[PDB]
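Undergrad: Take a look at this one; I'll ask things after.
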Amino acid sequence: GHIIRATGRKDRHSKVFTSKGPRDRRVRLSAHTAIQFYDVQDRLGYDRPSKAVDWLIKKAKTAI
Amino acid sequence: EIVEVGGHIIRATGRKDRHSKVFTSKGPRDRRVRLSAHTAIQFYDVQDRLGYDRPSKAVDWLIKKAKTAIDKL
DNA sequence: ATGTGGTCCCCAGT
DNA sequence: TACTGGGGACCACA
């Protein structure tokens with residue numbers, strides 16, 4: 001897993017390196033997925049959504 | 001404006017974006033989130049490996065494939 | 001300086 | 001003709 005350091009002086013957010021190349025680290029959820037996702041996020045009591053998808057990925061480790 | 005449909009889904013009556021937010025147990029939330037470098041790397045991996053075009057589907061799949069944990073919360 | 005979470009403004013597409 | 005997915009920028013922060 002890698003990172004790509006920003007080039008511009010306007011946005012300094014890092015991108016990540018995936019199978020399809022540099023990707024921006026934001027995702028958009030659809031309205032039904034948002035509500036279910038945020039269900040989980042508020043249940044675990046996590047402040048930042050990203051910690052909720054770390055949880056959702058630990059579990060599901062049987063993705064393989 | 002509020003619509004009941006799922007749950008409660010707020011329609012922005014603004015004008016530079018008709019993008020709609022969702023009403024959560026902690027108020028109006030945006031449907032766009034910023035994954036940490038650490039998370040994004042693992043999240044996109046499973047998106048690629050499922051071949052899903054749009055990454056919202058991947059979160060749908062995660063939740064699908066993890067209700068065995070979600071209910072006991 | 002160089003990243004961070006998070007969201008605004010807005011383009012192109014569903 | 002209403003909403004969306006995502007890029008580009010940006011405020012406060014660290």
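No value in this document is a laboratory result; all are computed from the given coordinates. Cβ placement follows ideal geometry from the backbone for every residue including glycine, while neighbour counts extend to all protein chains displayed.
Undergrad: Looking at segment B:25-41, is at least one residue more than 11 Å from DNA strand C (Cβ to nearest atom), surrounded by fewer than 14 Cβ atoms within 10 Å (Cβ to Cβ) and hydroxyl-bearing (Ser, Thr, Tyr)?
TA: yes
Undergrad: Considering only residues that are more than 7 Å from chain A (Cβ to nearest Cβ), surrounded by fewer than 17 Cβ atoms within 10 Å (Cβ to Cβ) and not aliphatic (A, V, I, L, M), which ones fall in segment B:46-56?
TA: Scanning segment B:46-56 gives B:49, B:51, B:52, B:53, B:54.
Undergrad: Select from segment A:15-64 the residues that are among the basic types (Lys, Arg) and assigned to a strand (DSSP E or B) and list them in ascending order.
TA: A:15, A:23, A:26, A:28, listed by residue number.
Undergrad: Which condition number does residue A:43 fail, the rest of (1) out of contact with any strand residue (DSSP E or B) (no Cβ under 6 Å at 6 or more places or on another chain); (2) within 16 Å of DNA strand D (Cβ to nearest atom); (3) facing chain B (nearest Cβ under 7 Å); (4) farther than 23 Å from residue B:49 by Cβ being met?
TA: Residue A:43 satisfies all of (1) out of contact with any strand residue (DSSP E or B) (no Cβ under 6 Å at 6 or more places or on another chain); (2) within 16 Å of DNA strand D (Cβ to nearest atom); (3) facing chain B (nearest Cβ under 7 Å); (4) farther than 23 Å from residue B:49 by Cβ except (2).
Undergrad: Under the condition of being more than 14 Å from the chain's Cα centre (by Cα) and hydroxyl-bearing (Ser, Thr, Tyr), which residue from segment A:1-23 is farthest from the other protein chains (Cβ to nearest Cβ)?
TA: Here the answer is A:7.
Undergrad: Another question, then. Would you check if residue B:13 is surrounded by fewer than 17 Cβ atoms within 10 Å (Cβ to Cβ), of a type in the set (S, T, N, Q) and more than 14 Å from residue A:25 (Cα to Cα)?
TA: In short, yes.
Undergrad: Return yes or no: is residue A:3 of a type outside the set (D, E, K, R) and surrounded by 14 or more Cβ atoms within 10 Å (Cβ to Cβ)?
TA: yes
Undergrad: Has segment B:24-37 got any residue that is closer than 30 Å to residue A:19 by Cβ, touching a helix residue (DSSP H, G or I) at 6+ places or on another chain (Cβ under 9 Å) and more than 7 Å from chain A (Cβ to nearest Cβ)?
TA: Looking through segment B:24-37, at least one residue is closer than 30 Å to residue A:19 by Cβ, touching a helix residue (DSSP H, G or I) at 6+ places or on another chain (Cβ under 9 Å) and more than 7 Å from chain A (Cβ to nearest Cβ).
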